[PDB]
Amino acid sequence: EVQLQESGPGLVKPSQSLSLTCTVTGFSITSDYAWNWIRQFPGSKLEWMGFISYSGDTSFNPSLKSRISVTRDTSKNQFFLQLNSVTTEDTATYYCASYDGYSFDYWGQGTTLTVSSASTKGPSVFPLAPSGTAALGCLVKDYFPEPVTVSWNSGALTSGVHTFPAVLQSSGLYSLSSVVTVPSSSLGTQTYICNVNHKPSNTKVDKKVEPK
Amino acid sequence: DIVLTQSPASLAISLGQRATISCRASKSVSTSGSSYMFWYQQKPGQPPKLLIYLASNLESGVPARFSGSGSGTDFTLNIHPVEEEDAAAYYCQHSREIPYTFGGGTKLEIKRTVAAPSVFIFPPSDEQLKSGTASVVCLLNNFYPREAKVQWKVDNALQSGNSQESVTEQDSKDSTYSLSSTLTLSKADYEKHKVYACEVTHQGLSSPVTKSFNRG
Numbered sequence: 001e002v003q004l005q006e007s008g009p010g011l012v013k014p015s016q017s018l019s020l021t022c023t024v025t026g027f028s029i030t031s032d033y034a035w036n037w038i039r040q041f042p043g044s045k046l047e048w049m050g051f052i053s054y055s056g057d058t059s060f061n062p063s064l065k066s067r068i069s070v071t072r073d074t075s076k077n078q079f080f081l082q083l084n085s086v087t088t089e090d091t092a093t094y095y096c097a098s099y100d101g102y103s104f105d106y107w108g109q110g111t112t113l114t115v116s117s118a119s120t121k122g123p124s125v126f127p128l129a130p131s138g139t140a141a142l143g144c145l146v147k148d149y150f151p152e153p154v155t156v157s158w159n160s161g162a163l164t165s166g167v168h169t170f171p172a173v174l175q176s177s178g179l180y181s182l183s184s185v186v187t188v189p190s191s192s193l194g195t196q197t198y199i200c201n202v203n204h205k206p207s208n209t210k211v212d213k214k215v216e217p218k
Numbered sequence: 001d002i003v004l005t006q007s008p009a010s011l012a013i014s015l016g017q018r019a020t021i022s023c024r025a026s027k028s029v030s031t032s033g034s035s036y037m038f039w040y041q042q043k044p045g046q047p048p049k050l051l052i053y054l055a056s057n058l059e060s061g062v063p064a065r066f067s068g069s070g071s072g073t074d075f076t077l078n079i080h081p082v083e084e085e086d087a088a089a090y091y092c093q094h095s096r097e098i099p100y101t102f103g104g105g106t107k108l109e110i111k112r113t114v115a116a117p118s119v120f121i122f123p124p125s126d127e128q129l130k131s132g133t134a135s136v137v138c139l140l141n142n143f144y145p146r147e148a149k150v151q152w153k154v155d156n157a158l159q160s161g162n163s164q165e166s167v168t169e170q171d172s173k174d175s176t177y178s179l180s181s182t183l184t185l186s187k188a189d190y191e192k193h194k195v196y197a198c199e200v201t202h203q204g205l206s207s208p209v210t211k212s213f214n215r216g
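So the protein sequences, as listed, match chains H and L. Reading the first sequence from the start, the letters are residues 1 to 131, 138 to 218 in PDB author numbering. Reading the second sequence from the start, the letters are residues 1 to 216 in PDB author numbering.
In structure tokens form, the structure reads like this:
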């Protein structure tokens, strides 16, 4: 019933402001609970940032007090994060979460936020052609910022799929591969397409991966 | 601020056995007759998932294989029996006072039998070659343990400084890892050479496995 969903820009420049939204469905943010912002840094450390209660009272992490604002829109059942004067140290995945005095039950899916002066760039998608068991894939190259999502055959193919963590190249652009292993006999009968999405650049690419 | 210290930082546990993770607090997180301690599980691409609340209470929809105990400054998460899908990071957190803070996390690895990688090599696509760059990809599929060595050979010459690799998290079903290594060359350098080889060393292999192709 109760669901939280983050939204935000994905990329902001050093020194400017970050603004994020959490949309709450299936529960009124004025009824009960404290409504929290929590972030996770690249090396996986978690930090609680602040909350706004059902009554509108706020509490902040003292480490952020001078640049943090947590606000709400009760008519839209949304609450907000503002973080001023961001630096590269504010690059993180940002989460919204509920608290009722007993438990932190409900979390958003998270939104990835990169602080960088670099511009958004859409990926090029190249096939990794299959030449018992065969492997095939897609190389998703030269995009910025994170993240990309990859599925196979519009979600119909999930077994044996491995999508690897992106690496940052010397160019300052990310590259990743996604692969799947399938029966060799299926290569003449089953079509294989990787579905790549890069939301920051509004890039949606379906790339056929054909035997070569 | 209260500092939460987790121990150990990582552990490897066999299926059916017990995993024990400790969280120690710099001062008491117990007040008003409750212990404000929480345990989370997290897998990549996903939010933390609450397992245990107020030190000892099971979250709805979480298997009873998970249990929490302790009070004051000393807390323990127990997993028994350990299952394949428990491969994850685990975090403690308190809500005793502002600010709420988290432990540094513990990585649980599920022990399984040694498994050799299946190795695959992929030439750069013709589409990519149009762009002036060539990426050669080597895949090491479904191996255990995580330690593996990949070496790139171009016309029998050992490569250095022009490759990047990344490794998946442990598989939730078969407890294996997979690894991708990418060799990056200019189209010019790629066209200058013929033999492209990926050589894999892993304890599951009696001797290195080399997969290669000839450009053409």
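Beta carbons are placed, not taken as given, at the ideal position from N, Cα and C, and that holds for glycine.
Cβ contact check for the region 101–117 of chain L and the region 125–145 of chain L: 3 or more pairs under 8 angstroms | yes
Return the chain-ordered list of same chain residues with a C-beta closer than 6 angstroms to the C-beta of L185 of chain L, the five sequence neighbours on each side being excluded.
-> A134
What's the call for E1 of chain H, buried or exposed, on a 16-neighbour Cβ count within 10 Å?
-> exposed
Compute the Euclidean distance between the alpha carbons of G105 of chain L and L46 of chain H, then round it to the nearest angstrom.
-> 9 angstroms
Buried/exposed call for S181 of chain H, threshold 16 Cβ in 10 Å | buried
Looking at the structure shown, is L179 of chain H part of a helix, part of a strand, or coil, going by DSSP?
-> coil
Would you decide whether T91 of chain H is buried or exposed? Buried here means 16 or more other CB atoms lie within 10 Å of its CB.
-> buried
Members of the region 185–205 of chain H near chain L, C-beta cut-off 7 angstroms | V185, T187
What separation, rounded to the nearest whole angstrom, lies between the Cα atoms of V137 of chain L and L158 of chain L?
-> 16 angstroms
Interface positions of the region 1–13 of chain L facing chain A (Cβ-Cβ less than 8 angstroms), listed along the chain | Of the protein chains in this structure, namely H and L, none is chain A.
Excluding the 5 residues preceding and the 5 following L18 of chain H in the sequence, name in chain order all residues of the same chain whose CB lies nearer than 6 angstroms to its CB.
-> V12, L83, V86
On a CA-only basis, which of H:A97, H:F27, H:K76, H:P42 is nearest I52 of chain H? Give me that one, please.
-> H:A97
In three-state DSSP terms, what is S207 of chain H?
-> helix
Tell me the DSSP bridge mates of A88 of chain L?
-> L:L108
Can you grab the Cα-Cα spacing for the pair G138 of chain H / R112 of chain L, in whole Å?
-> 24 angstroms
Tell me the start and end of each unbroken beta strand (DSSP E) in the region 15–73 of chain H that is at least 3 residues and wholly inside, in chain order.
-> 18–25, 34–40, 46–53, 58–60, 68–73
Counting contacts by CB-CB distance shorter than 7 angstroms, is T168 of chain L in contact with chain H?
-> yes
Under 7 angstroms between C-beta atoms, does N141 of chain L make it to chain H?
-> yes
On the three-state DSSP scale, how would you describe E191 of chain L?
-> helix
Put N159 of chain H into one of helix, strand or coil per three-state DSSP.
-> helix
Look up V200 of chain L in the DSSP assignment and give the residues it is bridged to.
-> L:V150, L:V209
Give the straight-line distance between the Cα atoms of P189 of chain H and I199 of chain H, rounded to the nearest whole angstrom.
-> 16 angstroms
When you compare only the Cα positions, how much space is there between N162 of chain L and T182 of chain L?
-> 8 angstroms
The alpha helix (DSSP H) spanning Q196 of chain H covers which residue range?
-> No alpha helix (DSSP H) contains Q196 of chain H, which DSSP labels as neither H nor E.
From L:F120, L:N156, L:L108, pick the residue whose C-alpha is nearest to that of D86 of chain L; which is it?
-> L:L108
Any Cβ of chain H within less than 7 angstroms of the Cβ of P145 of chain L?
-> no
Would you be able to state if there are at least three C-beta pairs under 8 angstroms between the region 143–152 of chain H and the region 106–126 of chain H?
-> yes
Are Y36 of chain L and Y91 of chain L close, meaning C-beta to C-beta below 7 angstroms?
-> no
Helix, strand or coil for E216 of chain H per DSSP?
-> coil
For chain H, is any of its Cβ atoms less than 7 angstroms away from the one on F102 of chain L?
-> yes
Residue interval of the alpha helix (DSSP H) (run including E127 of chain L) = 126–129
Quick one: grab the DSSP three-state call for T88 of chain H.
-> helix
According to DSSP, residues forming a beta bridge with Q5 of chain H | H:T23
Contacting positions in the region 100–112 of chain H - beta carbon closer than 8 angstroms to chain L = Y102, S103, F104, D105, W107, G108, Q109, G110
Whose C-beta lies closer than 7 angstroms to the C-beta of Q16 of chain H among residues of the same chain, with five residues either side of it excluded?
-> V86
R24 of chain L, DSSP secondary structure in three states = strand
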